[PDB]
Amino acid sequence: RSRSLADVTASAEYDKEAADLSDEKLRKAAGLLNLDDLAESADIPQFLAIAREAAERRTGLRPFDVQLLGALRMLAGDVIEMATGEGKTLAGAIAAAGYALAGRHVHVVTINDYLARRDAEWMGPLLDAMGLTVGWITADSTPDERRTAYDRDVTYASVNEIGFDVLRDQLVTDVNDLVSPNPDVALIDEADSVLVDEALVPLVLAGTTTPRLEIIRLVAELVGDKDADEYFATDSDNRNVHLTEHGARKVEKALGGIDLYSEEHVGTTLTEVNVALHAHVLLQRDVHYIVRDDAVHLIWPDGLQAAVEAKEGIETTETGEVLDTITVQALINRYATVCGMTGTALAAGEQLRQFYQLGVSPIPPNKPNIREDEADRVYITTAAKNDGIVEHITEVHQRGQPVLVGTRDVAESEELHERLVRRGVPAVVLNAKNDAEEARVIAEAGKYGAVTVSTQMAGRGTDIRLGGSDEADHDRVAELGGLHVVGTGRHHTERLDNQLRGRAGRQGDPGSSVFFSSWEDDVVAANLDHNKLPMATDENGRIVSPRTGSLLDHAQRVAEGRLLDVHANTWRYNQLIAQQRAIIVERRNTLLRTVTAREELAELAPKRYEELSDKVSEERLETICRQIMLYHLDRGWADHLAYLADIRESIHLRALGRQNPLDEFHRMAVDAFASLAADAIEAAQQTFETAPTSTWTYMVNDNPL
């Protein structure tokens, strides 16, 4: 950041020239820049100057030397520490240009669908003025709309979509449908959240897995009377019951005069009959299956589970299996150069270096932040804290001063709404359902008598200005002391405390912040000794001893180290899974480039040579061979994840929470995978001998509902 600072001051030489340039010559000037050596390069001050001019010409806001050092430090592959109000959007977009002008293909990971579309339409003109093209991706945007957006020099999309696109590509039956592009440059917004907090969080691809009610009935009608219609095998008492001739003809006529043994019924009506009989006859509700909930268990052979489920009658569906999965961390490590920015970066520096091989470059502010931070107000009971929370807010509100309140949950922040409104305080809650609305609300959060209630991750990315979305109320709201942030308890990590605090002293304007903790709070609880805490109370519950900051701070530093120990022990598992997906996606690609047909034609090929002389088309044969090839690979790996997850749970439970290194997971996942590819070519071969419906994606969140 020492050479970079000099590279920012050098750009002054060109401010006169750039200002004299016509929109046309400016786009050509940028187009004539040698930045293949990224940040360090010769044409760097010239760029910073063109970036500054293009910005003032398009957007209007003349960038600061701090907003250029942010972008410049990002060009040098660092995660920057830039505060709220410092121009995170414009810094990243100037940074993105630098990378795109250098011939690269930038991905601007917003980790929010609203912010993605917003920042692409905001930055778009600036980049347009620089000959670069901007695209954006929402959940709704079609596969053609994705290809167009990905085609652009700079692409704005959430970590979920970028991920979901890598996953949805595992439903592709032909190359021309494939969406996701080669991951080159990742410029991550709010690097802190995405890379540290949400890293372990997996992105999943689930897909839906029906016999005759007419047959399950005919079989129940068959067993009911004095039967000699079915012959239950004795060559093994537990072996599949065969059908008698008398019984078959009952079934043959009951279904209106069909032959069970004709090609039309052989592998269909008969298997339906055979499966149903087995379940009805061989298995009974005593040491065979049992119920408990609304499902059948085993004290499954293809189609039997559902046949047992239709005998007892507990008719169920909604079974959605993991077809494919990837985690945030693994998806991010696929990029050649990862980049980023966040208000709170330093406090993660270790984990970013440890897992992403990324440094942190803290950027100073434009104007020194003069926000007043009060030490945590501590209470004995949780109710005593909640008590003081109301009385503080009311005193803050009555003066006029706007208030912002941070919470752990919805029901947590729900309880406060009722408590505040009843006391006279006009509040507003921010339930995570409408990001666009949340944003239109929060822009008016710095208004006279405004009282905004929010959870931990709500209203993110939208600046709270004084007097609403830019108003002359500023002068009044500044006199009152700016925005007043109120924490209703400390988070698992201090980064999140300072995120909230961060929303108040933007652009050297006044601001205030307070946190409310209690010896009853989940954080303190178990992660500290109860006996070691001050007990001395107030008439209103506040701990008398000011010696509280350090005992709370420590409690957190413990909880952080505990979560890091989980992250380290879990990534070790997630890494091997990823390494295997790498092997599966590799052979999935070669299979979408006609290797498939030559695989069968050289695998004995007694039927392939008969599917070439009596063929429909050898061109359609390549499309035929890949249906069977891919199917088995996709079905083979979807089953491996079903193993890996059951083996994972039958480890977590078989330890309760001892936090002991497994390694049982590794050796097993390795051995189970070893015989995957070899089994998939054989299982495909066996299907040539016999001459998905509704899939969705999701980000695995917490454990509530």
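Residues numbered from 1 in each chain as written, not as in the entry; some residues may be left out. Heavy atoms only, no water. Residues with missing side-chain atoms left out of burial classes, pairs and counts.

- As recorded in the entry header, the structure was determined using X-ray crystallography to a resolution of 2.80 Å.

1. Here we look at the sheet that holds strand 18 (residues 695-699)
Next up, step 1: Strands sit in the order 9-6-18 across an open sheet of three strands; the sheet is antiparallel. The open sheet has two free edges, formed respectively by strand 9 (320-327) and strand 18, since each of these has just one partner strand. Going from strand to strand, the sheet's axes swing by 25° on average, the running direction of each strand aside.
Next up, step 2: Of the strand pairs in this sheet, strand 6 (residues 202-208) and strand 9 are connected by seven bridges, and their pairing is antiparallel. By the bridge assignment for strand 9, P202 is matched with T327.
Next up, step 3: Helix 9 (residues 159-168) rests against strand 6, strand 9 and strand 18 of the sheet, and its axis sits at about 45° to strand 6. (Pairing = 2+ DSSP bridges. Helix = DSSP H or I, 4+ residues; strand = E, 2+ residues; numbered from the N terminus. Axes fitted to C-alpha atoms, helices over the stretch in contact; angles between N-to-C directions. Contact = heavy atoms within 4.5 Å.)

2. A few points about helix 6 (residues 88-101)
Next up, step 1: For helix 6, with 14 residues, the first-to-last C-alpha span of 20 Å sits near the 20 Å given by 1.5 Å per residue.
Next up, step 2: Count one or two residues on from helix 6 and you reach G103, which has phi positive near 85°. (Expected span 1.5 Å × (residues − 1).)

3. Digging into the packing of aromatic side chains
Next up, step 1: The interplanar angle of 80° and the centroid separation of 5.0 Å between the aromatic rings of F355 and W571 together place this pair among those described as edge-to-face. Here the residue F355 occupies a position in helix 17 (residues 349-356), and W571 occupies one in helix 23 (residues 549-590), the gap between them amounting to 216 residues.
Next up, step 2: With a centroid separation of 5.9 Å and 10° between ring planes, the pair formed by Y379 and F516 is classed as stacked. Highlighted residues: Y379 in strand 13 (residues 377-379) and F516 in strand 17 (residues 511-518), separated in sequence by 137 residues.
Next up, step 3: Cation over ring: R476 sits above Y448, and NZ or CZ is 4.2 Å from the ring centre.
Next up, step 4: Over the aromatic face of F515 sits the side chain of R501, whose NZ or CZ is 4.4 Å from the ring centroid. (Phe/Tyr/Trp six-rings, centres within 6.5 Å; stacked < 30°, edge-to-face > 60°. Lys NZ or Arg CZ within 6 Å of the ring centre and 35° of its normal.)

4. Description of the UniProt feature "binding site: ATP" in the chain
Next up, step 1: Under the local residue numbering, the UniProt record ascribes the feature "binding site: ATP" to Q67, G85, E86, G87, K88, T89 and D463.
Next up, step 2: One can find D463 in the loop between strand 15 (451-455) and helix 21 (474-479).
Next up, step 3: With sequence-adjacent residues up to four places away left out, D463 is seen in contact with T84, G85, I442, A443 and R506. (UniProt positions renumbered as here; feature names shortened; annotations may be inferred.)

5. Thoughts on the domain arrangement of the chain
Next up, step 1: Segmentation of the chain into domains returns domain 1 (65-207 + 327-362), domain 2 (213-318), domain 3 (371-547) and domain 4 (561-691).
Next up, step 2: Computed from C-alpha coordinates alone, the two centres of domain 2 and domain 3 are separated by 63 Å. (Domains from an automatic or database assignment.)

6. Some details on unusual backbone geometry
Next up, step 1: Here the phi dihedral of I111 falls at roughly 60°; this positive angle occurs in a residue that is not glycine.
Next up, step 2: Tracing the backbone shows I111 in the loop between strand 2 (106-109) and helix 7 (113-128).
Next up, step 3: The phi dihedral of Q357 is positive, around 60°, even though this residue is not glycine.
Next up, step 4: As for its position among the elements, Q357 is in the loop between helix 17 and strand 11 (360-362).

7. What to know about the packing of helix 11 (residues 213-224) against helix 14 (residues 269-281)
Next up, step 1: The interhelical angle for the contact between helix 11 and helix 14, taken along N-to-C directions, is 50°, at an axis separation of 9 Å. By the criterion of interaxial angle, the relationship of helix 11 to helix 14 is oblique. As for how helix 11 packs across helix 14, the hand of that crossing is right-handed. On helix 14, the residues touching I215, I216, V219, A220 and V223 of helix 11 are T269, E272, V273, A276, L277 and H280. (Parallel < 35°, antiparallel > 145°, perpendicular 65-115°, else oblique. Left-handed = near helix turned anticlockwise from the far one by under 90°.)

8. Side note on the pairing of strand 14 (residues 403-407)
Consecutive side chains of a regular strand alternate in pointing toward one face of the sheet and then the other.
Next up, step 1: Of the strand pairs in this sheet, strand 14 and strand 15 are connected by five bridges, and their pairing is parallel. Note that in strand 15 the partner of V405 across the bridge is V453.
Next up, step 2: Pairing of strand 14 with strand 16 (residues 483-487), which is carried by four bridges, proceeds in the parallel orientation. Residue pairing for strand 16: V403 is matched across the bridge by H484.

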